[PDB]
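Shown next, in structure tokens, is the structure this report addresses.
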Amino acid sequence: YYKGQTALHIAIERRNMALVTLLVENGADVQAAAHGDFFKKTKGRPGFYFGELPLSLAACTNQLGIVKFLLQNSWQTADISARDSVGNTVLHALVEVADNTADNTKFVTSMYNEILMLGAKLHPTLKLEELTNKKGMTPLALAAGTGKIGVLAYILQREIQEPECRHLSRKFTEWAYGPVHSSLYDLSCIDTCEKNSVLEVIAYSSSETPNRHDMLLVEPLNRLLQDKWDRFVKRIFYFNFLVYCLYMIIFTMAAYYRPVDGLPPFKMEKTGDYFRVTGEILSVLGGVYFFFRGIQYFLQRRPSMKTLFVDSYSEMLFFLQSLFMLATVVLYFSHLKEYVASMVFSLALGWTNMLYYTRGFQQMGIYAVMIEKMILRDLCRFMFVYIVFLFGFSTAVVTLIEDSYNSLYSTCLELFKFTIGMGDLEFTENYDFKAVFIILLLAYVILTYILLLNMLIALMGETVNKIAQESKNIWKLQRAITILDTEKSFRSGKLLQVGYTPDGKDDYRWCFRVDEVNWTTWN
Amino acid sequence: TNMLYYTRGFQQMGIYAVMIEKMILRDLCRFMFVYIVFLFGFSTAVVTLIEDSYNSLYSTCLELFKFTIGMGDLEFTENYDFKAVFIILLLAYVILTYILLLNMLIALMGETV
Amino acid sequence: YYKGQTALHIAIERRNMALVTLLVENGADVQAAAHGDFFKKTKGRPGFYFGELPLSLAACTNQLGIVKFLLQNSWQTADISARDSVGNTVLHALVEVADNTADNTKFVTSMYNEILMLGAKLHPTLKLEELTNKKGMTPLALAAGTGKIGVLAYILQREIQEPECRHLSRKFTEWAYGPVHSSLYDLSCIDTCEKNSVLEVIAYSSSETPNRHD
Ligand SMILES: CCCCCCCCCCCCCCCCCC(=O)OC[C@H](COP(=O)(O)O[C@@H]1[C@H](O)[C@H](O)[C@@H](O)[C@H](O)[C@H]1O)OC(=O)CCCCCCCCCCCCCCCCC
Ligand SMILES: CCCCCCCC/C=C/CCCCCCCC(=O)O[C@@H](COC(=O)CCCCCCCCCCCCCCC)COP(=O)([O-])OCC[N+](C)(C)C
Ligand SMILES: CCCCCCCC/C=C/CCCCCCCC(=O)O[C@@H](COC(=O)CCCCCCCCCCCCCCC)COP(=O)([O-])OCC[N+](C)(C)C
Ligand SMILES: CCCCCCCC/C=C\CCCCCCCC(=O)O[C@@H](COC(=O)CCCCCCCCCCCCCCC)COP(=O)([O-])OCC[N+](C)(C)C
Ligand SMILES: CCCCCCCC/C=C\CCCCCCCC(=O)O[C@@H](COC(=O)CCCCCCCCCCCCCCC)COP(=O)([O-])OCC[N+](C)(C)C
Ligand SMILES: CCCCCCCC/C=C\CCCCCCCC(=O)O[C@@H](COC(=O)CCCCCCCCCCCCCCC)COP(=O)([O-])OCC[N+](C)(C)C
Ligand SMILES: CCCCCCCC/C=C\CCCCCCCC(=O)O[C@@H](COC(=O)CCCCCCCCCCCCCCC)COP(=O)([O-])OCC[N+](C)(C)C
Ligand SMILES: CCCCCCCC/C=C\CCCCCCCC(=O)O[C@@H](COC(=O)CCCCCCCCCCCCCCC)COP(=O)([O-])OCC[N+](C)(C)C
Ligand SMILES: CCCCCCCC/C=C\CCCCCCCC(=O)O[C@@H](COC(=O)CCCCCCCCCCCCCCC)COP(=O)([O-])OCC[N+](C)(C)C
Ligand SMILES: CCCCCCCC/C=C\CCCCCCCC(=O)O[C@@H](COC(=O)CCCCCCCCCCCCCCC)COP(=O)([O-])OCC[N+](C)(C)C
Ligand SMILES: CCCCCCCC/C=C\CCCCCCCC(=O)O[C@@H](COC(=O)CCCCCCCCCCCCCCC)COP(=O)([O-])OCC[N+](C)(C)C
Ligand SMILES: CCCCCCCC/C=C\CCCCCCCC(=O)O[C@@H](COC(=O)CCCCCCCCCCCCCCC)COP(=O)([O-])OCC[N+](C)(C)C
């Protein structure tokens, strides 16, 4: 629990820089391995993780005066990389500790700056940040995966104004003509990475992973995806939308002009049945595509059990459409007319799934997201209570009905008509007590139609006030996944020379030119 | 309808005519795209299921425009083969268009104002 | 791209008022014609437009101490009208540079005031603002067409309290009886103009033309 904890960790955590000097002189190392349960991540534990090592403790402790000592001393030669039981360095661990609190953000980014410079002052034989833990995650990708927008904003916009420590900048200003100043944001492992690009870790994040939808508003990401969109994804996406529209046009007439005379599999006799069979072939193949394209989404991401049903909603409804399609093949060869039952569900899913492709458009794509955030937030709450009432008063009505509205379906059906403006208050005279029948419908009308539908409109109006910004930020991620999937299924930015590493060479960098214009920054 | 031009000589009415513009384009265009996707989506799905004169894409698209104006019969055909399909598919239509998307329009149309 | 750019434009843009003094003494004119693609409007170009002329550069640069020098010197006699490849003067160009940012609004209107007075101190044989570019647009109509509400608010409400420079005011207070004070806003080329009244350029503006409705 307190395993590995030396007296030097006491000298640090108690904010006593004097004894940390003395304790290492006695032999007690500064590479001490606090592999204790208290000293690992919480995961249901009241503990604190800092990096398993003294240097990592002081960095995560509001202790800068100490951290410089753990390196600059003659007694011990504490390695600055110095991984732990999980591979995390001081820089990794210094991302594990961030909480997105503003007071924590200002602190971690200040400290995170200082160890980098110190890691360059002593020996440049590094690339600190290109080290990975035992999840194969750099601190950059670790702040993106763990949802640490504050650190991510720093690492991307990192500019250090001094000669030796500018190679570790990743925001280079190239030219300026007064108010105009032009940056050269580095793209190394934001879009092109071997392991865990920033974009492949924001967009493809698990649903919790906080601030999934804010991590892209971090400049240059909103601006780089819009470059990929305007350049080589707007053309492909609108071609994906074409083929899907044509596919739906083709699966629709092959469904509209289906046979009605016999059993399946029907047989080709006339010319017009050769045009539909292709319409049926070209229909099913897309259902193999959206099937395999859906299986891949559950084998090249392998999202958890929860992450089938909390954030993958579109990918489900194209896969689900494919299941109703590949149930429509099994039952068109099983000699069964229930393929139609599956086939109309495929159409209904299919056309509704145009509401996917309207994410290539801002005001329409935000609209498609509000629809999501109403189906789940306002319509689920509604349709639970509405079914309680509907089935509540239905039973109460069909109970009262005797001796064919003496049925629970038609009563639940006739009471669904009050809500669509088609309720007869006289759909039965087959009862024994009229005040009961009508007090019980007026109770239904008042509670469901007058109150609860109109209440839905109110809920549904309080939601729009809230998700106006969130749904734009959910829209840009949906377009991001569209950009990234297009890439995996064109290199952005040019290979500019920005400066020089502190060993003599040209620091070649793939960089994204941005052009801002201020009027108080005359320098 | 072009009287709604000349009501710009009046403040509270002329502002009203401008809100009408900024709803036709902002809220009703977004609505009537998605509404036609659903309408034509579920219509095809219904007239597919219909056999042997509601075996038509017009009248089905027409009868499904009646759920939104409060005139939708959930029994405008018995000419089908599967009733759960016909009614799950209309309730899907009603819930998505009438209960959700019209009432959502009112919400959008209220955030605009 | 950098065409026409002299070493004097360097001495200005680098905010060095000392070398601008020396460089004109060597013959390098202060009517220099920076007809370069970088020095024209963006229209899909990462450039900066200032007015194609040094006097126009410093006016659009957070440089007032320099602008008075480009006129008040014995070595060269920089014309204050001094049109460019598109006809814009310092006053026109000083509207092209406005962005409606509040920090830019306070700046351009302060500077836009100063060249007018200086344009009156040296020689009144002008009507600076009644000069037009090659679109037939004065700086007034150019701030209305280009959507520059901050400059437009200045030019219309322009009142300068001093004897010689009040003819360039266009907001004259006539009478006052304590709390009551009565203005006389000038209407010359707001409603009655030969070319491009302010109202005929706000209302009849293209749809982008920002702040049409403000
Ligand atoms: C026999 C089987 C019986 C059935 C049960 C089996 C399980 C059901 C399937 C599981 C799924 C259930 C879905 C329930 C309905 C709601 C769906 C909906 O709001 O999804 C919006 C979605 C948005 O994008 P995405 O999801 O990509 O974005 C996500 C998302 O934003 C996330 O928050 C962010 O992390 C991030 O942005 C990104 O990760 O976009 C679309 O889904 C495309 C548009 C599709 C239309 C959306 C409208 C709703 C249609 C529902 C009804 C279908 C049509 C009628 C069918 C009739 C009967 C057959
Ligand atoms: C997907 C979500 C639901 C959408 C649908 C929404 C609609 C409402 C929900 C409908 C769902 C339930 C449908 C009925 C289930 C089978 C029994 C049945 O049909 O009737 C039984 C009758 O007696 C009853 O129905 C009362 C017993 C309760 C059954 C339902 C469980 C309660 C939860 C669910 C209820 C919701 C409560 C609120 C929920 C929080 C048996 O009789 P019968 O089969 O009719 O046989 C003919 C009898 N005859 C010979 C006399 C003619
Ligand atoms: C102004 C905006 C629209 C307003 C109207 C809104 C209403 C909905 C929109 C209606 C617009 C389309 C109307 C149909 C076009 C002609 C084909 C036709 O009539 O039916 C064809 C059938 O098969 C089909 O209709 C399926 C093929 C798709 C056709 C439409 C293209 C998809 C986009 C548009 C669709 C929207 C999708 C969502 C949009 C994002 C051919 O058959 P028929 O001609 O009937 O011939 C009689 C056949 N009989 C002998 C068997 C009896
Ligand atoms: C094709 C979509 C293009 C999209 C753009 C246009 C926008 C869409 C807008 C408007 C729609 C306009 C067309 C409406 C149809 C009327 C004409 C017609 O087909 O009549 C025939 C019906 O046809 C069928 O039964 C064929 C059904 C499947 C067709 C799908 C294409 C086939 C695959 C290849 C496609 C090419 C792939 C390349 C695509 C680039 C008449 O025959 P029938 O006597 O009714 O007999 C039918 C069977 N029955 C016995 C059951 C009755
Ligand atoms: C080989 C037959 C040739 C003839 C076919 C005739 C065409 C008839 C149509 C459709 C019939 C074609 C077969 C079914 C396709 C299923 C739909 C599909 O895949 O959609 C995908 C297209 O992405 C593709 O890669 C599609 C395949 C390439 C297009 C080739 C045909 C287009 C020809 C015509 C070209 C235009 C010129 C015509 C006039 C305008 C959609 O993109 P996605 O990335 O999958 O995103 C959705 C999935 N997600 C939500 C889970 C992310
Ligand atoms: C077979 C034929 C299939 C149809 C052709 C399809 C292929 C060609 C498709 C698309 C090419 C481009 C279409 C025009 C877009 C205009 C832009 C616009 O107004 O955008 C605005 C609204 O969004 C819309 O207006 C889009 C409306 C829905 C999609 C286009 C209608 C046609 C498809 C319907 C019929 C489907 C059913 C089948 C029909 C038969 C949003 O603004 P923005 O523009 O995003 O502004 C930039 C903001 N941003 C940079 C932050 C993002
Ligand atoms: C037989 C017996 C049947 C019983 C009755 C059957 C009723 C069936 C229906 C609804 C059942 C009741 C569900 C109540 C949910 C409460 C709202 C909620 O949590 O909203 C959250 C949605 O995010 C989610 O993850 C919840 C999604 C709920 C189900 C989604 C499927 C709906 C598909 C379509 C089907 C709909 C039409 C149904 C057609 C019939 C958002 O909430 P929030 O404001 O953000 O706060 C929570 C924050 N949080 C997200 C971080 C947690
Ligand atoms: C919100 C808190 C939850 C409350 C839930 C409990 C509430 C329950 C309340 C009341 C319970 C009892 C009501 C029914 C009477 C008993 C049955 C009976 O014999 O009926 C008979 C007595 O004849 C009548 O006319 C009906 C009696 C008057 C009912 C109206 C007053 C109550 C309405 C206020 C309702 C509550 C308001 C609440 C406001 C907050 C019916 O006969 P008829 O119809 O005259 O003749 C048949 C006609 N025929 C021949 C044409 C066929
Ligand atoms: C959040 C809580 C939710 C609510 C929970 C609690 C429930 C709240 C809900 C409903 C409760 C309130 C309504 C009570 C209904 C009584 C029914 C009754 O008795 O019918 C009997 C009327 O009997 C008569 O004697 C009629 C003459 C009296 C006039 C009644 C007023 C009209 C009622 C209308 C109400 C509609 C408006 C409702 C607007 C509110 C039937 O007998 P009859 O033979 O038909 O009539 C006599 C002969 N005659 C026709 C010649 C006259
Ligand atoms: C053939 C006969 C044709 C009719 C005669 C037409 C000619 C005579 C027409 C108009 C003369 C004046 C009418 C009264 C105006 C009252 C002012 C008022 O209340 O204004 C308010 C509401 O706006 C309205 O009340 C206006 C309502 C619509 C127009 C007038 C109704 C008659 C035309 C309908 C029938 C058409 C169909 C044909 C009918 C046969 C607004 O406030 P304000 O007043 O603006 O306040 C000042 C604010 N401001 C300074 C910022 C702006
Ligand atoms: C939102 C995400 C998208 C989901 C889309 C996919 C959803 C698709 C769901 C389901 C797909 C399958 C449904 C139909 C059954 C197959 C066809 C068949 O044989 O039907 C028969 C089986 O008899 C029945 O009674 C129907 C079976 C029960 C259906 C109700 C449960 C599902 C409702 C929940 C719906 C989803 C809730 C979603 C909540 C989130 C019909 O026979 P009948 O009617 O009994 O007899 C005929 C009557 N007659 C003789 C008078 C003529
Ligand atoms: C965002 C996502 C959007 C949604 C997407 C997913 C879709 C969501 C939408 C709809 C899905 C939920 C509804 C399922 C409908 C089933 C239809 C069916 O099976 O019909 C069969 C009923 O078969 C029976 O067995 C009836 C007895 C069971 C009671 C059923 C409850 C009432 C359903 C009412 C529902 C209305 C209320 C709906 C309120 C929600 C028909 O057979 P029958 O011969 O007529 O009946 C048997 C004999 N009897 C009459 C003597 C009893």
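Residue numbering restarts at 1 for every chain of the structure tokens, chains are lettered A, B, ... in their displayed order, and ligands are numbered from 1 as they appear.
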Self-check item: Environment of ligand 9 within 12 Å, counting only C-alpha atoms and all ligand atoms, reported as a VMD selection string
Solution: chain A and resid 389 393 425 to 426 429 432 to 452
Quiz item: Using only C-alpha atoms and all ligand atoms, what are the residues with an atom within 8 Å of ligand 11, set out as number ranges by chain?
Solution: A: 317, 320, 338, 341-342, 345, 349; B: 78, 80-85, 88
What does the file look like for those residues with N, CA and C atoms, as a tab-separated table (two decimals), in the first residue's frame?
```tsv
chain	number	residue	atom	x	y	z
A	317	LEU	N	-26.94	1.95	-37.07
A	317	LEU	CA	-28.12	2.00	-37.92
A	317	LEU	C	-27.82	1.70	-39.38
A	320	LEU	N	-27.38	-2.16	-38.69
A	320	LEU	CA	-28.73	-2.65	-38.45
A	320	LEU	C	-29.52	-2.74	-39.74
A	338	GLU	N	-41.76	-13.00	-45.34
A	338	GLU	CA	-41.33	-12.09	-44.30
A	338	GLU	C	-40.10	-11.30	-44.67
A	341	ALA	N	-41.19	-7.68	-44.55
A	341	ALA	CA	-41.13	-7.15	-43.20
A	341	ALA	C	-39.75	-6.64	-42.86
A	342	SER	N	-38.72	-7.39	-43.23
A	342	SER	CA	-37.35	-6.92	-43.03
A	342	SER	C	-36.97	-5.85	-44.04
A	345	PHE	N	-38.23	-2.22	-43.29
A	345	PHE	CA	-37.39	-1.72	-42.21
A	345	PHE	C	-36.03	-1.27	-42.72
A	349	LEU	N	-34.95	2.58	-42.28
A	349	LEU	CA	-33.61	2.87	-41.78
A	349	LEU	C	-32.77	3.55	-42.83
B	78	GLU	N	-55.93	-1.95	-45.02
B	78	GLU	CA	-55.85	-3.34	-44.61
B	78	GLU	C	-55.19	-4.19	-45.69
B	80	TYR	N	-52.24	-5.23	-46.76
B	80	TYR	CA	-50.86	-5.54	-46.44
B	80	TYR	C	-50.85	-7.00	-46.02
B	81	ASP	N	-49.65	-7.51	-45.72
B	81	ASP	CA	-49.50	-8.88	-45.26
B	81	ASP	C	-49.07	-8.99	-43.81
B	82	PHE	N	-48.48	-7.94	-43.24
B	82	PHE	CA	-47.98	-7.99	-41.88
B	82	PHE	C	-48.35	-6.71	-41.15
B	83	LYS	N	-49.13	-6.85	-40.08
B	83	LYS	CA	-49.69	-5.69	-39.39
B	83	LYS	C	-48.71	-5.05	-38.44
B	84	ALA	N	-47.89	-5.84	-37.76
B	84	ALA	CA	-46.89	-5.24	-36.90
B	84	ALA	C	-45.93	-4.39	-37.70
B	85	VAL	N	-45.62	-4.82	-38.92
B	85	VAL	CA	-44.73	-4.05	-39.77
B	85	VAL	C	-45.38	-2.74	-40.14
B	88	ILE	N	-45.69	-0.59	-36.63
B	88	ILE	CA	-44.38	-0.17	-36.13
B	88	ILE	C	-43.78	0.89	-37.05
```
Write out as a PDB file with N, CA and C atoms, in the first residue's frame every residue belonging to chain B that has an atom at most 8 Å from any atom of chain A, counting only C-alpha atoms.
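Heads up, here's the output in part.pdb:
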```pdb
ATOM      1  N   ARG B  30     -34.526  23.385 -42.847  1.00  0.00           N
ATOM      2  CA  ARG B  30     -33.947  22.269 -42.123  1.00  0.00           C
ATOM      3  C   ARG B  30     -34.999  21.223 -41.807  1.00  0.00           C
ATOM      4  N   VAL B  34     -35.430  17.086 -43.666  1.00  0.00           N
ATOM      5  CA  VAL B  34     -35.506  15.887 -42.844  1.00  0.00           C
ATOM      6  C   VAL B  34     -36.907  15.306 -42.866  1.00  0.00           C
ATOM      7  N   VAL B  37     -37.255  13.356 -46.101  1.00  0.00           N
ATOM      8  CA  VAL B  37     -36.489  12.125 -45.974  1.00  0.00           C
ATOM      9  C   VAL B  37     -37.309  11.077 -45.246  1.00  0.00           C
ATOM     10  N   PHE B  38     -37.831  11.437 -44.077  1.00  0.00           N
ATOM     11  CA  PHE B  38     -38.662  10.527 -43.313  1.00  0.00           C
ATOM     12  C   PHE B  38     -39.928  10.174 -44.075  1.00  0.00           C
ATOM     13  N   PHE B  40     -40.704  10.330 -47.316  1.00  0.00           N
ATOM     14  CA  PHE B  40     -40.401   9.455 -48.432  1.00  0.00           C
ATOM     15  C   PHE B  40     -39.715   8.186 -47.963  1.00  0.00           C
ATOM     16  N   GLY B  41     -38.968   8.268 -46.868  1.00  0.00           N
ATOM     17  CA  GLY B  41     -38.399   7.074 -46.284  1.00  0.00           C
ATOM     18  C   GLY B  41     -39.443   6.051 -45.902  1.00  0.00           C
ATOM     19  N   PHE B  42     -40.350   6.433 -45.010  1.00  0.00           N
ATOM     20  CA  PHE B  42     -41.370   5.522 -44.530  1.00  0.00           C
ATOM     21  C   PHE B  42     -42.475   5.289 -45.542  1.00  0.00           C
ATOM     22  N   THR B  44     -42.167   4.854 -48.996  1.00  0.00           N
ATOM     23  CA  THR B  44     -41.639   3.718 -49.737  1.00  0.00           C
ATOM     24  C   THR B  44     -41.738   2.439 -48.933  1.00  0.00           C
ATOM     25  N   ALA B  45     -41.398   2.522 -47.661  1.00  0.00           N
ATOM     26  CA  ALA B  45     -41.490   1.388 -46.772  1.00  0.00           C
ATOM     27  C   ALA B  45     -42.924   0.912 -46.590  1.00  0.00           C
ATOM     28  N   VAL B  46     -43.901   1.814 -46.670  1.00  0.00           N
ATOM     29  CA  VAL B  46     -45.299   1.424 -46.524  1.00  0.00           C
ATOM     30  C   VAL B  46     -45.858   0.906 -47.839  1.00  0.00           C
ATOM     31  N   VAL B  47     -45.621   1.618 -48.939  1.00  0.00           N
ATOM     32  CA  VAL B  47     -46.196   1.215 -50.212  1.00  0.00           C
ATOM     33  C   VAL B  47     -45.510  -0.028 -50.751  1.00  0.00           C
ATOM     34  N   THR B  48     -44.262  -0.254 -50.361  1.00  0.00           N
ATOM     35  CA  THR B  48     -43.647  -1.559 -50.544  1.00  0.00           C
ATOM     36  C   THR B  48     -44.499  -2.648 -49.915  1.00  0.00           C
ATOM     37  N   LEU B  49     -44.831  -2.483 -48.638  1.00  0.00           N
ATOM     38  CA  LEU B  49     -45.616  -3.476 -47.930  1.00  0.00           C
ATOM     39  C   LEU B  49     -47.021  -3.593 -48.493  1.00  0.00           C
ATOM     40  N   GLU B  51     -49.909  -4.066 -51.208  1.00  0.00           N
ATOM     41  CA  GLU B  51     -50.061  -4.893 -52.390  1.00  0.00           C
ATOM     42  C   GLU B  51     -51.358  -4.510 -53.099  1.00  0.00           C
ATOM     43  N   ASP B  52     -51.596  -5.183 -54.227  1.00  0.00           N
ATOM     44  CA  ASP B  52     -52.772  -5.058 -55.107  1.00  0.00           C
ATOM     45  C   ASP B  52     -53.552  -3.741 -55.061  1.00  0.00           C
ATOM     46  N   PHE B  67     -50.595  12.666 -40.816  1.00  0.00           N
ATOM     47  CA  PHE B  67     -50.256  12.521 -39.407  1.00  0.00           C
ATOM     48  C   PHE B  67     -49.723  13.816 -38.827  1.00  0.00           C
ATOM     49  N   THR B  68     -49.099  14.647 -39.653  1.00  0.00           N
ATOM     50  CA  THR B  68     -48.460  15.857 -39.171  1.00  0.00           C
ATOM     51  C   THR B  68     -49.434  17.018 -39.070  1.00  0.00           C
ATOM     52  N   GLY B  70     -52.467  16.435 -38.089  1.00  0.00           N
ATOM     53  CA  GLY B  70     -53.482  15.913 -37.223  1.00  0.00           C
ATOM     54  C   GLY B  70     -54.612  15.218 -37.917  1.00  0.00           C
ATOM     55  N   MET B  71     -54.348  14.562 -39.042  1.00  0.00           N
ATOM     56  CA  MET B  71     -55.378  13.867 -39.797  1.00  0.00           C
ATOM     57  C   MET B  71     -54.914  12.508 -40.280  1.00  0.00           C
ATOM     58  N   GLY B  72     -54.032  11.881 -39.524  1.00  0.00           N
ATOM     59  CA  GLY B  72     -53.526  10.577 -39.856  1.00  0.00           C
ATOM     60  C   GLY B  72     -54.299   9.408 -39.319  1.00  0.00           C
ATOM     61  N   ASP B  73     -54.819   8.603 -40.229  1.00  0.00           N
ATOM     62  CA  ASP B  73     -55.455   7.350 -39.880  1.00  0.00           C
ATOM     63  C   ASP B  73     -54.363   6.301 -39.817  1.00  0.00           C
ATOM     64  N   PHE B  82     -48.477  -7.943 -43.244  1.00  0.00           N
ATOM     65  CA  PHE B  82     -47.975  -7.988 -41.876  1.00  0.00           C
ATOM     66  C   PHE B  82     -48.351  -6.707 -41.154  1.00  0.00           C
ATOM     67  N   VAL B  85     -45.623  -4.817 -38.925  1.00  0.00           N
ATOM     68  CA  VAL B  85     -44.731  -4.053 -39.774  1.00  0.00           C
ATOM     69  C   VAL B  85     -45.384  -2.738 -40.140  1.00  0.00           C
ATOM     70  N   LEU B  89     -44.080   0.794 -38.333  1.00  0.00           N
ATOM     71  CA  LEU B  89     -43.503   1.658 -39.339  1.00  0.00           C
ATOM     72  C   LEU B  89     -44.206   3.001 -39.405  1.00  0.00           C
ATOM     73  N   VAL B  94     -44.782   8.503 -36.990  1.00  0.00           N
ATOM     74  CA  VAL B  94     -45.432   9.453 -36.092  1.00  0.00           C
ATOM     75  C   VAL B  94     -44.447   9.964 -35.058  1.00  0.00           C
ATOM     76  N   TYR B  98     -44.121  13.503 -36.124  1.00  0.00           N
ATOM     77  CA  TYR B  98     -45.127  14.272 -35.415  1.00  0.00           C
ATOM     78  C   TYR B  98     -44.678  14.611 -34.005  1.00  0.00           C
ATOM     79  N   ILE B  99     -44.337  13.599 -33.219  1.00  0.00           N
ATOM     80  CA  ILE B  99     -44.069  13.819 -31.807  1.00  0.00           C
ATOM     81  C   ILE B  99     -42.733  14.510 -31.632  1.00  0.00           C
ATOM     82  N   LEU B 100     -41.730  14.054 -32.366  1.00  0.00           N
ATOM     83  CA  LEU B 100     -40.389  14.594 -32.242  1.00  0.00           C
ATOM     84  C   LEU B 100     -40.194  15.848 -33.080  1.00  0.00           C
ATOM     85  N   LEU B 101     -40.304  15.711 -34.390  1.00  0.00           N
ATOM     86  CA  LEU B 101     -39.715  16.660 -35.317  1.00  0.00           C
ATOM     87  C   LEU B 101     -40.571  17.899 -35.526  1.00  0.00           C
ATOM     88  N   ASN B 103     -42.614  18.971 -33.041  1.00  0.00           N
ATOM     89  CA  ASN B 103     -42.467  19.629 -31.762  1.00  0.00           C
ATOM     90  C   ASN B 103     -41.065  20.178 -31.604  1.00  0.00           C
ATOM     91  N   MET B 104     -40.100  19.535 -32.253  1.00  0.00           N
ATOM     92  CA  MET B 104     -38.741  20.041 -32.317  1.00  0.00           C
ATOM     93  C   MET B 104     -38.674  21.320 -33.129  1.00  0.00           C
ATOM     94  N   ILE B 106     -41.015  23.547 -33.293  1.00  0.00           N
ATOM     95  CA  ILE B 106     -41.492  24.543 -32.341  1.00  0.00           C
ATOM     96  C   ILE B 106     -40.379  24.980 -31.409  1.00  0.00           C
ATOM     97  N   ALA B 107     -39.467  24.071 -31.083  1.00  0.00           N
ATOM     98  CA  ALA B 107     -38.364  24.395 -30.193  1.00  0.00           C
ATOM     99  C   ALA B 107     -37.284  25.185 -30.913  1.00  0.00           C
ATOM    100  N   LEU B 108     -36.841  24.691 -32.069  1.00  0.00           N
ATOM    101  CA  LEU B 108     -35.975  25.472 -32.944  1.00  0.00           C
ATOM    102  C   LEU B 108     -36.572  26.836 -33.206  1.00  0.00           C
ATOM    103  N   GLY B 110     -38.494  28.442 -31.562  1.00  0.00           N
ATOM    104  CA  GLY B 110     -38.502  29.245 -30.358  1.00  0.00           C
ATOM    105  C   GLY B 110     -37.130  29.710 -29.924  1.00  0.00           C
ATOM    106  N   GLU B 111     -36.091  28.968 -30.300  1.00  0.00           N
ATOM    107  CA  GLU B 111     -34.728  29.418 -30.063  1.00  0.00           C
ATOM    108  C   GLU B 111     -34.330  30.498 -31.051  1.00  0.00           C
TER     109      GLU B 111
END
```
Quiz prompt | Picked from chain B by DSSP as alpha helix (DSSP H), as a PyMOL selection string | solution = chain B and resi 3-6+11-24+28-49+57-63+83-93+103-112
Quiz prompt | Which of range 93-199 of chain C DSSP labels strand (DSSP E or B), written as a list in words | solution =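 DSSP-assigned strand (DSSP E or B) residues in range 93-199 of chain C: residues 173, 174, 175, 176, 181, 182, 183, 188 and 192 of chain C.
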Same residues, C-alpha atoms, output as a CSV table (one decimal), in the first residue's frame:
```csv
chain,number,residue,atom,x,y,z
C,173,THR,CA,-24.1,72.1,-32.3
C,174,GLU,CA,-26.2,75.3,-33.0
C,175,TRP,CA,-28.0,76.3,-29.8
C,176,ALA,CA,-28.1,75.2,-26.2
C,181,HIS,CA,-28.2,70.9,-26.9
C,182,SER,CA,-29.2,70.9,-30.6
C,183,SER,CA,-27.0,69.4,-33.3
C,188,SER,CA,-24.0,66.3,-47.8
C,192,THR,CA,-28.4,63.6,-51.7
```
Pull the closest atom pair for each residue of chain B that gets at most 9 Å from ligand 7, along with the distance in Å to one decimal, counting only C-alpha atoms and all ligand atoms, ordering rows by chain and then ascending residue number, as a Markdown table.
```
| residue | atom | partner | partner_atom_place_in_ligand_line | distance |
| --- | --- | --- | --- | --- |
| B:91 | CA | ligand 7 | 39 (C) | 8.2 |
| B:92 | CA | ligand 7 | 39 (C) | 7.6 |
| B:95 | CA | ligand 7 | 37 (C) | 7.1 |
| B:96 | CA | ligand 7 | 37 (C) | 8.6 |
```
Export of the given selection (N, CA, C and O atoms) as a compact mmCIF listing (two decimals), in the first residue's frame:
```
# COMPACT_ATOMS: atom_id res chain seq x y z
N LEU B 91 -45.91 4.18 -36.47
CA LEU B 91 -45.54 4.70 -35.16
C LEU B 91 -44.11 5.22 -35.17
O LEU B 91 -43.82 6.24 -34.55
N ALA B 92 -43.22 4.53 -35.87
CA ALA B 92 -41.91 5.09 -36.15
C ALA B 92 -42.02 6.41 -36.89
O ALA B 92 -41.28 7.35 -36.60
N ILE B 95 -43.78 9.05 -34.37
CA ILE B 95 -42.88 9.42 -33.30
C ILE B 95 -41.75 10.29 -33.82
O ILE B 95 -41.38 11.29 -33.20
N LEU B 96 -41.20 9.94 -34.97
CA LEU B 96 -40.08 10.69 -35.51
C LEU B 96 -40.51 12.00 -36.12
O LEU B 96 -39.79 12.99 -35.97
```
